[PDB]
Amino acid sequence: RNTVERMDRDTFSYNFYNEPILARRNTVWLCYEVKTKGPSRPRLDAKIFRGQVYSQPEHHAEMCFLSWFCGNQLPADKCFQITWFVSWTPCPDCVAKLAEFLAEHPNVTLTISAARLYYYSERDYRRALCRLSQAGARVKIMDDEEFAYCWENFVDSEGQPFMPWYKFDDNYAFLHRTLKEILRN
């Protein structure tokens, strides 16, 4: 029900930095929450899981998560709402495989909260991410509330608050503007 291993503060600031560079990288840490529900009936939720997975030499973190989740999952009569905090929006490869997973598991919906964007100026990537955001995933840029939530629940904070780095707000604003253009259709 809780398998969190809290990261260091500096590990958190390293892997969730949000300078909106152009790069093809893949998240190392993937922090996740799993909520139940059922029919579904209005009003959330009841938490059943919170934890993290790590990239492995031949497996991006997103795929290790699908692996773990399908090794767990049982009640096809409940509906699952999954949240991820990741360093980057996923791969084209992972985008494709996530669309596949979502088509195989229609009781599941996924929210991806990313510190910044995977190579945001390739058009096939942008349109692939758009397609995924209507295929049963929500994609969003991590903002101050999600950085605070992450700090509170996945970081060895030891009572310090999260202190934003230089240009935190400009970085976020650009990322959020860009992602809303990508998702606009």
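Just count from 1 along the sequence shown to find any residue number.
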| request: On mean C-alpha B-factor from the PDB entry, just flag whether 37 to 45 or 153 to 161 is the higher one. | output: 37 to 45
| message | Tell me which stretch has the larger mean Cα B-factor in this entry, 82 to 90 or 68 to 76. | response | 68 to 76
| note | Among the modelled residues of its chain, the C-alpha B-factor of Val4 falls in the third labelled highest
| query | Taking the C-alpha B-factors as the PDB entry records them, is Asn107 in the lowest, middle or highest third of its chain? | reply | highest
| said: By the recorded C-alpha temperature factor, relative to the other modelled residues in its chain, which third is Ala135 in? | reply: highest
| query | Can you tell me which third, lowest, middle or highest, the CA B-factor of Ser121 falls into for its chain? | reply | highest
| query | Mind checking which third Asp143 falls in for C-alpha B-factor across the chain? | reply | middle
